[PDB]
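In: Sequence first, structure after, both from an experimental entry:
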Amino acid sequence: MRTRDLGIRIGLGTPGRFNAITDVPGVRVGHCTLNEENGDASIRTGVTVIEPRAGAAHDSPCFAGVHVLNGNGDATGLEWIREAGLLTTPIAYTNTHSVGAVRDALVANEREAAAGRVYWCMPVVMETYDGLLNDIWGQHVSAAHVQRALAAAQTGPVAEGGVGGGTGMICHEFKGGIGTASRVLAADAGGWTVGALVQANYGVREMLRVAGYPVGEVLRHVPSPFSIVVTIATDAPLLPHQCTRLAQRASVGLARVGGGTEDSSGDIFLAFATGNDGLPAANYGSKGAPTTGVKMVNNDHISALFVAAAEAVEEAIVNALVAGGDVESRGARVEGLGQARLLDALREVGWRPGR
Amino acid sequence: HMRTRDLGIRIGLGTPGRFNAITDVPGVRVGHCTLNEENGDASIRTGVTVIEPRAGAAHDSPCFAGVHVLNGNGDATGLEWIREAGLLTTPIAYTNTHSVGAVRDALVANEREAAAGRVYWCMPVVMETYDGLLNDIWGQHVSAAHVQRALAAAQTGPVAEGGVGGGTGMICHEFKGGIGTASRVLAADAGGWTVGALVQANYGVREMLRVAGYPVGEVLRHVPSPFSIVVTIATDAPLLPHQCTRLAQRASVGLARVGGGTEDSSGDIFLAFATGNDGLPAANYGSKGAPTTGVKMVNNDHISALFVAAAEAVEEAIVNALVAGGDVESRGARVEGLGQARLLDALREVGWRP
Amino acid sequence: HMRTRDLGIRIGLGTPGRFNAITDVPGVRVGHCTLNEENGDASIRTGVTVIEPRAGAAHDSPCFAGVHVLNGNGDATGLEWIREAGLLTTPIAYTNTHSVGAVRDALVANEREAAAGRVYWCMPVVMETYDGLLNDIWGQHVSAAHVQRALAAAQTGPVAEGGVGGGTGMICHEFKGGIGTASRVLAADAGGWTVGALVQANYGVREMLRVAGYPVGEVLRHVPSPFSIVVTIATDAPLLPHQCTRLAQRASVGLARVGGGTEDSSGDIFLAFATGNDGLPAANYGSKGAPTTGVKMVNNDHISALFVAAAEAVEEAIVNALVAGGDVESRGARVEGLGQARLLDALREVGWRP
Amino acid sequence: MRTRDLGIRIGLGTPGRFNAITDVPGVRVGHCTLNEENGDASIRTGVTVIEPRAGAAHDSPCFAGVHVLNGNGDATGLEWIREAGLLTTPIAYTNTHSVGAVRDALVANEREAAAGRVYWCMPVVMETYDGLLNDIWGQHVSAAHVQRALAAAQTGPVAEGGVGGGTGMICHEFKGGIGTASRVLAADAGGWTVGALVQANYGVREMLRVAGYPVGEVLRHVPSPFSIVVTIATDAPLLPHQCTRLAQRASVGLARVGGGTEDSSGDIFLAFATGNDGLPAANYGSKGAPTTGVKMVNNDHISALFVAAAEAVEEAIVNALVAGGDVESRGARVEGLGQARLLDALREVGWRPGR
Ligand SMILES: [Ca+2]
Ligand SMILES: [Ca+2]
């Protein structure tokens, strides 16, 4: 079923229980998937939400940071993450032309709980472009779809491939979409968990590499129909500047699968940490204590977090491909990579299970 | 006398363009949609302002551009590609913090008919300030129709200031705030370029107000109080993406001179675009052109005059927003316009003379 | 001599610390080495200024730190790890542009004896401005011995200003420039923290000079002219690396108010460090400790008072440099000190009063 | 001799004549190698210089940009590169504690030619840490060594491994140091050349990857003694913001060999382009025309430059390892990877010659 279940092991680290971003305790994920056949008005899109906390994000801010490998994409809520490193909302993935509707729907969702608290809601919404398989000009994603994803957001196993925001996506000229993975550090390394959730929509066929092996080079013959957003989570107590460091390691994971070299690819990365809690919620005009006690991972412990994030992102992307299935829409056809076809290509270029 | 300069108050040392507005950069157009409706705590005092960077469709003639963030406690769309590639390919819009998404997706929808099978993803630039005091900002009352009204209203010439468009419900230095604009023209020996600024001023505490350097805020503390700033700089200088970033940061200088830039809570986000290069290729993925494009670059020994001009334009734009602001009562809060006669009196009191 | 505040000139609204200097941040030390030697075109008017962030060795008690660059037309060492990890682990030094390397490597050498098999690579912070008009800057006259002299002279208490240390041959607003310092203390209800600034001012055109907002430069154009600014901000507030970056950018605000920030040629580079967290681990690669360190963070509803204080401290520090500057004739160039009486006359002419 | 001569192909691209950064016309490289045994005062260090032009850099500035993957390192001259994107000097590599002496030596070198022109010289100097094999506290590099490297700077083949600045460096717990490589685009893509020169001093044994194959995993048994600076050059007419984009692709090449996950690693990248010439030399007080006509690579042509740079960086790193030999110094021993041992490790993980 998933990459690791095929005996394909990415990197050297050990996954958490679900091998998903939800292995970071409290983190929840929900999809809303739109699939409707209607000629050039066919809908192949949706929205994915990440809740950073067990409860409302506004009440328990997370330290966070962003890194942009290639900004050919759109996002909301990132400027305050750059400035103050505080994630105070859910995170959502959708298509390029639906970002605003999704963002303002997330704002409306906090209206009722705003008990006269003075603040301006700034949700984080990121995107990739499903213009080939989806009627992206049709702007078919609505607040109701955001509410369905929010209601479905839960811990445990996370559906992958052509679901939620990844529904109409294409990766390495195969079916793309949602992928997730995690790594758990050893006790002597802090015992922290690092998880990643990607929406993979990038890359040319020949460049595909799986566990390092040049599998793309022997997969050129397969028919082709012819951006990637990454969230990294960890329960390590990382400060804002450390979340920035962690986010950039998404470049490392993406590069190892064969990405990061396209002008057209919106490669935008976010990392948040749950280790520090009890951070002050924004409520302007209402002042608390001058300082807050927080914890910081010492820099001689942060490399094991970099390694883990890089692995989690790499496997998350390959998981997206493995979960991908055939899609025909609006006159375009994309094939799922195929579990057996991947195993065959791996063997052809010298990979073997348990070497 | 209506605007700052008309009162005999001169900001900086430079010479303004004909309208003393961002529209003094040829082809740049500005349009407002102003929303006013009384309904207790659901009162509407907000709207949208749009900037057209070109005489025609922004998509067909991209502008080099850059952003600078003095304090990112605010939201914006369309900025990541500006950072990456420095290309403005859409109109610019101002609105309130909770309407950014609706405005942005309305701007995406507006380009649908003209797309005609060209492959690209629309990424409009939308910025905001917070009108939560005078406006029902949780009400999300701005819609696509309001964006379409602002677009159709976009025009050259004089730009309405104060409580209009996106500035309708804004508050600055505890007076009425909102839209402000100004411009500077360089001498011919310096390239003859025009630099314009359009601000949505919603920042600042009373005591900090400075007009032409004079501490007028210190003698205006007695005036009743009801208790972010987005800046666009435009120029017809042929600035490259990295030069637009340099130009954008000079909004810090202008803002600082009026008494801003020291609030944690203030979304101070600046954008600068240049119209001097007008032969840039429109985005059309899958459709490949020639390897290179010849472009123009301002030499660095000519860019300082543009820095000065931008700083002065931003400074006067903010003071213009204040001078144009009028009294507003809404949702149980009252704010006073600074007042032309009152500003002159305060100026004289702290030693200023015409 | 008399400083700005002694002339009855008050910058901003805040209250200075005891020495009105960066040394008001407890433990911080400053030392100058001043080279002044008349020798025709080989005249030496330069030197080095050092800041010790701690009472003892910087390496043993790192400070959280951040940088902001308003205009990167200058050179600096040690900034990349400050950007990356926000850790100041060395003294800070100011000198001229062509002596940065010798000064940097001398600071490396200074830690050699204390290294005692500890595994790390020394990365001192060295910044500069250009004294090429009054100083034989191609002569590269600054050496390790001068760095040791500054180091040995580093102490708390009053800091000499003007044409001393790194500021010896510097020029500001076409008057004598150089070293300036100032501080602000927050009220107890605001955390009671101290914010200090030390600048080496070498920027600006005459007409642009503003003192306490008043446009004195405009009435000082007649004064003969001989024709970058590095800023360090310190605070005992417990600021995290990302917060030090925010604080550092407020040097843009202070600098703007005196009339800077609009020159392509000006290396305007700012560093801010905080001493509030003092239990940070010294770098020793290969020798690992506990997984985490508990630290303190200033809450964001308390950081605005720090922004204000930093901007005021930077502004007064620049004016302090000008006030302390005296006449210098060197290498065929003459620059005048602003002049205490001349400044007072100029201020009164444009409406200022004590 | 070199990686490609072993039948090992990195990426899909075609190298230039020298497979070196010198394949960008006019670019020159010179080494000064210090090797002296003297107990704990042994010298194993030096300096490498890059001339971006056939003549003096000051008189013909290059557009340039920087990217920092991990700023645990020191450099001079980068702030004006960030600000205005203008390279106006040679570039030098040395050890961490010699950066200042090398930089001021480069300033002094321009003195005679200054001839009353008003400017402040801001040379670009970068470093990695050779503290294990070299007496790095001894500060044994001087202006005379810089002058030797400058005089030795020439086009053509570039010596790799433990030479110049790479003399005492260590990579993946093998001998490290200088590596270089290049790629040439087809006439279809603009025909431009992309070159890279690295000083590789990073990485744990286990993570080493060659052409994707995880050879490090079967090389753990080899004895161990227990940063990377990259310059990318191209004759494409890249503007400063485009040079920044190109520089970040060093992250991709570095990631593919197994780097980018160490807190301790100063991973600092510079890219300059030679395509635009006649850029105005800095001479403050002496004013020219308001504008200059320059060229820009269109964004639908920049991806091939992205790919080329990532491939050149990757092969350059492996070239450094392949060129490395055994070194014993100051109580430490490091082994060269070994060409035959590498071919063996490659077969062990499924690699075979002849594609
Ligand atoms: Ca931080
Ligand atoms: Ca550029």
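Out: Sure thing, it's come through. Numbers count the residues shown, from 1 in each chain, chains lettered A, B, ... in the order given. Ligands and ions are numbered 1, 2, ... in the order given.

In: which residues touch residue A:58?
Out: Going by Cβ atoms under 8 Å, 6 or more residues apart in numbering or on different chains, residue A:58 touches A:88-89, A:110, A:113, A:119, A:121, A:281-282. All C-beta spots, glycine's among them, are computed from the backbone N, C-alpha and C.

In: now these: which count as buried?
Out: A:88-89, A:110, A:119, A:121, A:281-282 (16 or more other Cβ atoms under 10 Å in any protein chain shown).

In: Kindly reformat those residues as CSV containing distance to residue A:7.
Out: What follows is the buried ones among the contacts of residue A:58, written out as CSV (distance: Cβ to Cβ, whole Å):
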residue, distance to residue A:7
A:88, 42
A:89, 39
A:110, 45
A:119, 50
A:121, 46
A:281, 46
A:282, 48
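
In: helix/strand/coil for residue A:120?
Out: coil (DSSP: H, G, I helix; E, B strand; the rest coil).

In: one step back: return the member of the contacts of residue A:58 nearest to residue A:322.
Out: Nearest to residue A:322 out of the contacts of residue A:58 is residue A:89 (Cβ to Cβ; 30.7 Å).

In: host element of the closest one?
Out: Residue A:89 is located outside every helix and strand, with elements delineated by DSSP states H and E.

In: now it: how far from residue A:109?
Out: 9 Å (Cβ to Cβ, to the nearest Å).

In: what's residue A:333 in contact with, if anything?
Out: A:223, A:225, A:326-327.

In: Might you quantify the distance of the helix or strand where it lies from its chain's geometric centre?
Out: Using DSSP H and E, residue A:333 sits in strand A:332-334. In terms of Cα atoms, centre = their mean, to the nearest Å, the centre of strand A:332-334 is set 24 Å apart from its chain centre.

In: One more: stretch A:73-85?
Out: Counting by Cα atoms, centre = their mean, stretch A:73-85 comes out at 16 Å from the chain centroid.

In: got it, and stretch A:67-75?
Out: 14 Å.

In: distance between the ends of it?
Out: 12 Å (Cα to Cα, to the nearest Å).

In: in that stretch, what counts as buried?
Out: Neighbour-count burial for stretch A:67-75 [16+ other Cβ under 10 Å]: A:67-75.

In: I would like the residues contacting that stretch, please.
Out: By Cβ under 8 Å, 6+ apart, stretch A:67-75 touches A:96, A:99, A:124-128, A:227, A:229, A:244, A:247-248, A:250-251, A:254, A:260, A:262-269, A:271, B:77-78, B:80-81, B:83-85, B:121, B:123, D:245, D:248, D:251.

In: what about residue A:126, distance to ligand 1?
Out: Applying Cβ to the ion, to the nearest Å, the value for residue A:126 to ligand 1 is 22 Å.

In: er, residue A:62 actually
Out: Residue A:62 is 13 Å from ligand 1, by Cβ to the ion.

In: isn't that residue right up against residue A:54?
Out: No. With contact defined as Cβ atoms under 8 Å, residue A:62 does not reach residue A:54; the gap is 12.0 Å.

In: still on that earlier bit, just give the strands next to the strand holding residue A:333 in its sheet, each with its orientation.
Out: strand A:327-329 (antiparallel) (DSSP bridges).

In: count of neighbours near the closest residue to ligand 1 within the stretch 1-150 of chain A?
Out: Of all residues in the stretch 1-150 of chain A, the one sitting closest to ligand 1 is residue A:85 (6.3 Å; Cβ to the ion). Residues lying near residue A:85 (other Cβ atoms under 10 Å in any protein chain shown) number 27.

In: Pretty sure residue A:61 is one of the things it touches, is it not?
Out: No. Residue A:85 is beyond contact range of residue A:61, at 9.4 Å (criterion: Cβ under 8 Å).

In: Tell me what the residue in chain A that ligand 2 sits nearest to is bridged to.
Out: Ligand 2 sits closest to residue A:71 of chain A, with a gap of 14.4 Å, by Cβ to the ion. Following DSSP bridges, residue A:71 is listed with bridge partners residue A:266.
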